[PDB]
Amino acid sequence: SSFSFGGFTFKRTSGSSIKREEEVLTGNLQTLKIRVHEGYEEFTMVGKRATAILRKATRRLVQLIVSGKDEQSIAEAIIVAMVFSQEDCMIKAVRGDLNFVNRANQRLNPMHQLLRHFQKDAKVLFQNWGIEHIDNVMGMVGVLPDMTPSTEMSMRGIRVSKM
């Protein structure tokens, strides 16, 4: 069960899931209908300039270990992972003027509209994701919302591995 999303090939390595169509509110209090995968799953994300191991529970990213060509390649894989996770803080980061999803055509994908939104500017996404203190794990570094490597702090659940 290998699928494609945001230029990444996802491949499930553990867990299972059932789908539930659900309604969610953005930071602009706009209702989106999304197809939610319920169940704890693990995936490999393989792209041309980045790779990752993604561990996730229903609408919640548990951990993401990213490896890539450079900061831009890695941020790109982080954005895809955060949108794919379907986390409330990612949905609530959709806010402000013009930041609305065209839902007049119900066949269109709100996940692809969330992705386009965060690909343009992930600043609100990364700042609203939350940060956390990080453990020892040498060879794995933390990454701040501005993509600065840190040994003391990181975006919640996100770690950068050496390529």
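In case it trips you up, residue 1 is the first one in the sequence shown, and so on.
Quiz prompt | Missing coords for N105 in a third or more of other PDB entries | solution = In at least a third of the comparable entries (those modelling both sides of it), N105 has no coordinates.
Quiz item: If you average the CA temperature factors over each stretch, which comes out higher, 47-55 or 103-111?
Solution: The stretch with the larger mean CA B-factor is 103-111.
Quiz item: On average, which has the higher Cα B-factor in the deposited entry, 5-13 or 137-145?
Solution: Stretch with the higher mean C-alpha B-factor: 137-145.
Quiz prompt | Residue selected from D70, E38, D121, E42 by maximal Cα B factor | solution = Max CA B-factor in the entry, restricted to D70, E38, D121, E42: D121.
Exercise. Could you check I131, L29, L61, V66 and tell me which one carries the biggest Cα B-factor in the deposited entry?
Key: Largest recorded C-alpha B-factor: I131.
Practice problem: Could you tell me which third, lowest, middle or highest, the C-alpha B-factor of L25 occupies within its chain? | Solution: For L25, the deposited C-alpha B-factor lands in the lowest third.
Quiz prompt | For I34, the third of its chain into which the C-alpha B factor falls | solution = Lowest third of the chain for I34's C-alpha B-factor.
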